[PDB]
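Chemist: Below are the structure tokens for one structure; questions will follow.
Neighbour counts run over all protein chains shown; Cβ positions are idealised from the backbone, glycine included. Nothing in this text is a laboratory measurement; each read-out follows from the coordinates by a stated rule.
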Amino acid sequence: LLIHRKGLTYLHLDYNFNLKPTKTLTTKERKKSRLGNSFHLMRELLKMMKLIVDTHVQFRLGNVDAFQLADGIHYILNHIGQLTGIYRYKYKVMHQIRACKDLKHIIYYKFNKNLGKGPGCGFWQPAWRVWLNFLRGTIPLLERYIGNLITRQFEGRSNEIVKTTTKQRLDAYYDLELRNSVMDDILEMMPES
Amino acid sequence: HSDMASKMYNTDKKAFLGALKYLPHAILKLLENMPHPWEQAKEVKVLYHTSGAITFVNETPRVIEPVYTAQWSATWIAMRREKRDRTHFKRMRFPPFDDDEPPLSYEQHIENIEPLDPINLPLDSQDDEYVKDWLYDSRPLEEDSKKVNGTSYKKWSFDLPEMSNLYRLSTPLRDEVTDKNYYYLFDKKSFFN
Amino acid sequence: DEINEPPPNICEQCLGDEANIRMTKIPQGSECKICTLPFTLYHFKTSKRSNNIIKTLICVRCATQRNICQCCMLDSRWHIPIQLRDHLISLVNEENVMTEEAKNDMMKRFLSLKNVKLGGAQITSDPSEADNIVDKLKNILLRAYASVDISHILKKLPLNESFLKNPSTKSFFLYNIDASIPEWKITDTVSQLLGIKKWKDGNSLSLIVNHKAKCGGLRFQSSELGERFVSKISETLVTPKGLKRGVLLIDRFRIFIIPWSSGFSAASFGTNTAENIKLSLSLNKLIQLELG
Amino acid sequence: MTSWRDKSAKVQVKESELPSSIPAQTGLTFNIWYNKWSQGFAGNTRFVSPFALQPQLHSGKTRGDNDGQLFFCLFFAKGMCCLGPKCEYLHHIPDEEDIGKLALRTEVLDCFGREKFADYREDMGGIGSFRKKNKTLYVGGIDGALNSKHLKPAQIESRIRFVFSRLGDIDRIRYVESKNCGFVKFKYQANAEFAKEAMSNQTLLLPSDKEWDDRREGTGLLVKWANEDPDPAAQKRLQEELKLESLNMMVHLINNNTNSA
Amino acid sequence: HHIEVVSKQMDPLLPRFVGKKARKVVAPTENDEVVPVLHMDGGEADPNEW
Amino acid sequence: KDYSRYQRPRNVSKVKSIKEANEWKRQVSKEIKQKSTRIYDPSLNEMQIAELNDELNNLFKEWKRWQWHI
RNA sequence: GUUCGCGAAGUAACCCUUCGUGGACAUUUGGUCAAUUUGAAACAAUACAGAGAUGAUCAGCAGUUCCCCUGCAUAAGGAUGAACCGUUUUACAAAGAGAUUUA
Ligand SMILES: O=P(O)(O)O[C@H]1[C@H](OP(=O)(O)O)[C@@H](OP(=O)(O)O)[C@H](OP(=O)(O)O)[C@@H](OP(=O)(O)O)[C@H]1OP(=O)(O)O
Ligand SMILES: [Mg+2]
Ligand SMILES: [Mg+2]
Ligand SMILES: [Mg+2]
Ligand SMILES: [Mg+2]
Ligand SMILES: [Zn+2]
Ligand SMILES: [Zn+2]
Ligand SMILES: [Zn+2]
């Protein structure tokens, strides 16, 4: 709905939450359709959410054993860095991705004592707690971010954009203040006219 | 609200669009109430917008911590018995659906079928008789008026044979250290130093 | 000021007859119709069981500058539209008063933020300055195409036959119709004469009037109504050759009739606007030949 | 009464027979927010309305007659109303009793309840302005409505006279052969507002005509709001009726001061 | 007429303040009274030094 | 309805239909408007008007041809 | 519909059924919003041009504006984002000479 309100009908949002263009875009269309972090970080959360919901669907359809469901959820939570791409738009998630990797070493070498190397470990409870605490701290982030996006859709952006000073333009703002001080002091020395 | 093409849906499209800031909270409530491996299915209490915009899982998953430890410990045993004697473990393919096919409806597809058996350890009767009737429930001992306060499910209280039985199931995942002299220079005060 | 705002200006006849009205305030509701700038939308219902929500369409600044209510946008005193208000004050002060409105979105917003009154809003909202002009309204009440070949058409118009009882026809030919006198006023005068009121349900009579040719015709169904239309008309004029013509009698006007004795149809009067003007110019002599 | 109050309103179009909510495809992809097509070149995007109002047939008592509805059904005028006798809005031609109920309400919004605007739309179409009590319609697009039949000049006007007479009291009808357009003036604004939505995108084909099977292929006729009449023969009529309106109001207004004193 | 003024229960998902947009307005100046620019009269002789 | 790939086109016989010819005809009038505007310029160069003048004679001859077919 | 009374009929023997009649219980939803053309998104395509400080080639950073666009943004980018590159007469006097007037 949000893509189509912005006029971006040449971008197709897949059912697995993959966002790909439907044609070769003009440069004006690439400028317009360049979505930000809060769209994609929201879109990658739904990619993560659907990927977990789909395994319970596959379990419920009969296609997947209950051990494969436990192993499937364990595979998702430990491989979000290669199944989603959430790191591209919020790179603080590499703490959570490396926590689920470091938890997997603890779980596997206690699970696989006197067992061979193989897939079927589904003790997904430690890695589940990581993402539930990742979701704990990004609720206030994305409510501020997407709330700024939707109100900028409904209302437009403000016309009172005052630019703060920066390293980029400190030499530019210095001369504007320097020219005004010289122009004041001469205009006060002037007698008239 | 599948094909919102009429003029009547113009107000409901703003409701879909203004709910996107609340969507990360709906993913936290859905993933925390995810079914544990010893459950076929789980009824959750939900709160939904009347225009079908957002669906929050309006529950918090509260457990008895000795019961919850023994449930994950029995699945720890049940999954190491599985990986020991399975000839070949087929991990499923991810993503479990193609991105062109839509998420198939619950009622035409999922609801009509028998679910499947979950991960349940067989619970030998002479050694586990105090827990085997209620261990793999959704909320264990929820309607038992003497073990819990009620269906609000707070403030449990057990007897000695039930408490030692959960202790015996939990031995894959318990602490297994009883002296505090083990943690001599390995406590958090030494970690701060 | 967003925390100090005026109460809304609504008429008494928008609020209606009941005493207590539950009104809903939305602090930035819709935007104004006039200045296109947001305001506090008040909306309400006359009774509890009503079925029409009465919204405030304009902001209180646009309602104050015109001195109108926000709901029906009629004047707060005299309860008349703005276009008629500024016309009535124009006949008293003998100069044109007019509230003019910008077509420009930057000049709709500009014109609302000024604290002036517009048009007749200086005269109204001052009760002393409004009552004396009503007194000045009272003294006013104490006063209280020669090249055209038209010959193909005038053979088909009757123009030589008489309005007697004895022909039994459906159609008639109405001439001497002014450029005023609207098509509904001639059907209402005939239906008042026959008592066949609400004629548009049964389709008893069908009337075509050109208003350029100053001529027309009215067709009846069920020819027995034609003798009722003949007999219910008393006054007639006899041309000094003969050939009596009945007069329909719209207020202060006179419309002559002759039985067509066939169905005239559309386009009998003319097939071009330049052509129809000459038929009125053709007739004007025959009316003067009929009377004088 | 005999034509309207005797019967009840009937369902014009079955709800399965109603048109599809998506428009005809003039683009590559459909847009879900703005229910239109996006990657497209252009389009005329005007089509002949499949439905039409038979005024003496479809009129009847509705649910809004018993509820005291002020407002007319929009899709009754288009000949598209699927609700029939269960519909909340009125299903009949405006009469002097009906417009007298609307007399407080007509100043700001039309007979269909839709709110009017400060100034007119650029092409003189749409709902209308509240600053002008306009009672005259611009009947245009007659070439498309006829399906291009030559039809003479007098005959086109006669068709306009037959159809618009069913929709209320008519003040005058003028047809201009050179401009190929007509101007229909009604006694009340509520009949002009009803007949604008009734005869928008319609035809004049009169089924005894050869084309009647190809009435759908055409463009359709434009009924939009009319401008002021430029000739001084009718300009002087306008200040005369404005003079008579003013004297009828001053008599009403001195009685208000008589009660006020 | 005594008129109770109430607030409508806003939908938490629909945008509150529907007439609120980010638009730009030019403002007219309310100049009712002229402010006298109360200078003194006139040490006004000056050569071409400036 | 598109027809951009199709020539003006100088040949007339190939398209039997007149209603299609209704579209082809505007396809020509539009150029008549563009170039016609391109006829009066501040420079008023002979070479530009001179080529435009030839285009006008070519178009007028085409109007004679369409009239002759009718 | 339920419940508390009251009266009558039948079965009864003061209980049940039946229908007459008082109470009590419960008491004002919803819409700023109607379903394809006529009250308003926008791209794309076609045609015509075609990137500031220049002698040529390359980085930019600002400012003014009743232009904004992307973006979470007070970051940054939008060609240094664009527009800017035109049109320009009275706060006017003081001195010194020849032609044409006036009465
Ligand atoms: O190739 P190895 O060095 O032997 O390690 C593999 C590898 O994990 P690491 O490479 O990070 O150690 C597998 O993970 P993938 O990278 O292939 O996805 C993992 O199993 P998963 O594929 O399910 O993660 C497997 O663990 P195991 O075979 O015990 O199930 C583990 O082997 P190790 O047991 O030697 O760590
Ligand atoms: Mg550059
Ligand atoms: Mg750049
Ligand atoms: Mg710039
Ligand atoms: Mg910049
Ligand atoms: Zn306003
Ligand atoms: Zn009012
Ligand atoms: Zn209806």
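Chemist: Find the residue count for segment A:109-124, including only residues that are in a loop (DSSP other than H, G, I, E, B) and either aromatic (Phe, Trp, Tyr) or within 16 Å of ligand 8 (Cβ to nearest atom) (or both).
Modeler: Within segment A:109-124, residues that are in a loop (DSSP other than H, G, I, E, B) and either aromatic (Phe, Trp, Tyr) or within 16 Å of ligand 8 (Cβ to nearest atom) (or both) number 2.
Chemist: On the basis of being surrounded by 18 or more Cβ atoms within 10 Å (Cβ to Cβ) and outside any loop (DSSP other than H, G, I, E, B), does D:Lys236 make the cut?
Modeler: Considered against the rule, which asks whether it is surrounded by 18 or more Cβ atoms within 10 Å (Cβ to Cβ) and outside any loop (DSSP other than H, G, I, E, B), D:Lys236 comes out as no.
Chemist: Still on this structure: Scanning segment D:50-63 for residues that are within 10 Å of chain C (Cβ to nearest Cβ) and in a helix (DSSP H, G or I), which turns out farthest from ligand 7 (Cβ to nearest atom)?
Modeler: D:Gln56
Chemist: Now for a separate question. Filter segment C:59-73 for residues that are aliphatic (A, V, I, L, M) and surrounded by fewer than 21 Cβ atoms within 10 Å (Cβ to Cβ) and give the result.
Modeler: Within segment C:59-73, just C:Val60 meets the criteria.
Chemist: Residues of segment C:43-64 being within 16 Å of ligand 6 (Cβ to nearest atom) and under 23 Å from D:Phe112 (Cβ atoms), which ones?
Modeler: If the condition is that a residue be within 16 Å of ligand 6 (Cβ to nearest atom) and under 23 Å from D:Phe112 (Cβ atoms), then C:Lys55, C:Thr56, C:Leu57, C:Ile58 are the ones that fit.
Chemist: Take segment C:11-22 and flag every residue that is at the interface with chain E (Cβ under 7 Å from one of its Cβ atoms) and either small (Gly, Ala, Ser) or over 19 Å from C:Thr64 (Cβ atoms) (or both).
Modeler: Of everything in segment C:11-22, those that are at the interface with chain E (Cβ under 7 Å from one of its Cβ atoms) and either small (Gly, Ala, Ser) or over 19 Å from C:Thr64 (Cβ atoms) (or both) turn out to be C:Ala19, C:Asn20, C:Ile21, C:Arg22.
Chemist: Quick one: which of D:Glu211, D:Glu245 is charged (D, E, K, R), touching a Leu at 6+ places or on another chain (Cβ under 9 Å), more than 27 Å from D:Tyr120 (Cα to Cα) and not in a loop (DSSP other than H, G, I, E, B)? Spell out how you get there, then give the answer.
Modeler: On the way: D:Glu245 fails: more than 27 Å from D:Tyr120 (Cα to Cα).
When all the criteria are applied, what remains is D:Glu211.
Chemist: Could you tell me how many of the residues in segment D:130-143 are closer than 30 Å to C:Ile153 by Cβ and buried (at least 18 other Cβ atoms within 10 Å of the Cβ)? Lay out the reasoning, then the answer.
Modeler: Initial filter on segment D:130-143 (closer than 30 Å to C:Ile153 by Cβ): D:136-143.
Still in the running and buried (at least 18 other Cβ atoms within 10 Å of the Cβ): D:136-142.
Of the residues in that region, 7 qualify.
Chemist: Considering only segment C:251-269, I want to know if a residue exists there that is over 30 Å from D:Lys179 (Cα atoms), within 14 Å of chain D (Cβ to nearest Cβ) and hydrophobic (A, V, I, L, M, F, W, C). First the steps, then the outcome.
Modeler: Pass one, segment C:251-269, residues over 30 Å from D:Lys179 (Cα atoms): C:251-262.
Among the residues that remain, those that are also within 14 Å of chain D (Cβ to nearest Cβ) are: C:251-253.
Okay, now just the ones that are also hydrophobic (A, V, I, L, M, F, W, C), so C:253.
Checking segment C:251-269: at least one residue is over 30 Å from D:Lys179 (Cα atoms), within 14 Å of chain D (Cβ to nearest Cβ) and hydrophobic (A, V, I, L, M, F, W, C).
Chemist: If you don't mind, there's one more thing I want to ask. Can you tell me which residue within segment A:87-121, out of those that are aromatic (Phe, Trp, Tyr) and more than 8 Å from chain B (Cβ to nearest Cβ), is nearest to ligand 7 (Cβ to nearest atom)?
Modeler: A:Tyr89
Chemist: Somewhere in segment A:8-28, is a residue surrounded by fewer than 16 Cβ atoms within 10 Å (Cβ to Cβ), aromatic (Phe, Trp, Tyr) and closer than 28 Å to B:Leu28 by Cβ?
Modeler: There is at least one residue in segment A:8-28 that is surrounded by fewer than 16 Cβ atoms within 10 Å (Cβ to Cβ), aromatic (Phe, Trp, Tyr) and closer than 28 Å to B:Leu28 by Cβ.
Chemist: For residues that are over 30 Å from E:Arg23 (Cβ atoms), out of contact with any strand residue (DSSP E or B) (no Cβ under 9 Å at 6 or more places or on another chain) and either assigned to a helix (DSSP H, G or I) or within 16 Å of ligand 1 (Cβ to nearest atom) (or both), tally how many sit in segment C:109-141.
Modeler: Residues meeting the conditions: 15.
Chemist: Return the residue satisfying two criteria in turn: it lies in segment D:64-73 and is in a loop (DSSP other than H, G, I, E, B) and either within 16 Å of ligand 6 (Cβ to nearest atom) or within 13 Å of another protein chain (Cβ to nearest Cβ) (or both), and of such residues it is farthest from D:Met199 (Cα to Cα).
Modeler: Of everything passing the filter in segment D:64-73, D:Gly68 is farthest from D:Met199 (Cα to Cα).
Chemist: Right, next: What are the residues in segment C:189-228 that are facing another protein chain (nearest Cβ under 10 Å) and surrounded by 16 or more Cβ atoms within 10 Å (Cβ to Cβ), if any?
Modeler: C:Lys200, C:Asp201, C:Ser206, C:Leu207, C:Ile208, C:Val209, C:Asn210, C:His211, C:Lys212
Chemist: Ok, one more. Of everything in segment A:136-151 that's within 8 Å of chain B (Cβ to nearest Cβ) and among the β-branched types (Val, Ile, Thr), which residue is surrounded by the fewest Cβ atoms within 10 Å (Cβ to Cβ)?
Modeler: Step by step, filter segment A:136-151, then rank; the result is A:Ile139.
Chemist: While we're on this one: Identify, please: which residue in segment A:122-135 is over 23 Å from B:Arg93 (Cα atoms) and within 9 Å of chain B (Cβ to nearest Cβ) and is, among those, farthest from ligand 1 (Cβ to nearest atom)?
Modeler: A:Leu135
Chemist: Please go through segment C:25-58 and give me each residue that is under 30 Å from the mean Cα position of the chain (by Cα) and either crowded, with 23+ Cβ neighbours inside 10 Å or more than 9 Å from RNA strand G (Cβ to nearest atom) (or both), ordered by number. First the steps, then the outcome.
Modeler: The initial filter retains those residues of segment C:25-58 that are under 30 Å from the mean Cα position of the chain (by Cα), namely C:32-35, C:46, C:51-58.
C:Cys32, C:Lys33, C:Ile34, C:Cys35, C:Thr46, C:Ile54, C:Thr56, C:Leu57, C:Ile58, listed by residue number.
Chemist: So how many residues does segment C:32-49 have that are under 23 Å from C:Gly16 (Cα atoms), away from ligand 7 (no atom under 16 Å from the Cβ) and not basic (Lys, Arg)?
Modeler: Residues that pass the stated criteria total 2.
Chemist: Turning to a different aspect of this structure: When you go through A:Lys117, A:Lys104, A:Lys92 one by one, which is the residue that is more than 14 Å from B:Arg84 (Cβ to Cβ) and within 12 Å of ligand 1 (Cβ to nearest atom)?
Modeler: Residue meeting the stated conditions: A:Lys104.
Chemist: Right, next: Could you tell me how many of the residues in segment C:1-31 are touching a strand residue (DSSP E or B) at 6+ places or on another chain (Cβ under 7 Å), farther than 21 Å from E:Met10 by Cβ and away from ligand 7 (no atom under 16 Å from the Cβ)?
Modeler: Total satisfying the criteria: 2.
Chemist: Also, I was wondering about something else. Can you spot a residue in segment D:110-129 that is away from ligand 6 (no atom under 16 Å from the Cβ), within 18 Å of the chain's Cα centre (by Cα), within 9 Å of another protein chain (Cβ to nearest Cβ) and surrounded by 20 or more Cβ atoms within 10 Å (Cβ to Cβ)?
Modeler: no
Chemist: Answer yes if at least one residue in segment D:121-144 is farther than 20 Å from D:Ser200 by Cβ, more than 16 Å from ligand 8 (Cβ to nearest atom) and of a type in the set (A, V, I, L, M), and no otherwise.
Modeler: Looking through segment D:121-144, none of the residues is farther than 20 Å from D:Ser200 by Cβ, more than 16 Å from ligand 8 (Cβ to nearest atom) and of a type in the set (A, V, I, L, M).
Chemist: Quickly run through segment B:110-162 and pick out the residues that are more than 28 Å from A:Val64 (Cβ to Cβ), exposed (fewer than 14 other Cβ atoms within 10 Å of the Cβ) and among the hydrophobic types (A, V, I, L, M, F, W, C).
Modeler: Across segment B:110-162, the qualifying residue is only B:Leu160.
Chemist: Right, something else. Could you list, in sequence order, all residues of segment B:102-117 that are outside any loop (DSSP other than H, G, I, E, B), closer than 16 Å to B:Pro35 by Cβ and at the interface with another protein chain (Cβ under 8 Å from one of its Cβ atoms)?
Modeler: Selection gives B:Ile110 alone.
Chemist: While we're looking at this one, here's another question. Quick one: in segment D:74-106, which of the residues that are under 19 Å from D:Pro19 (Cα atoms), assigned to a loop (DSSP other than H, G, I, E, B) and within 16 Å of the chain's Cα centre (by Cα) is nearest to ligand 1 (Cβ to nearest atom)?
Modeler: Taking the candidates together, the pick is D:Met80.
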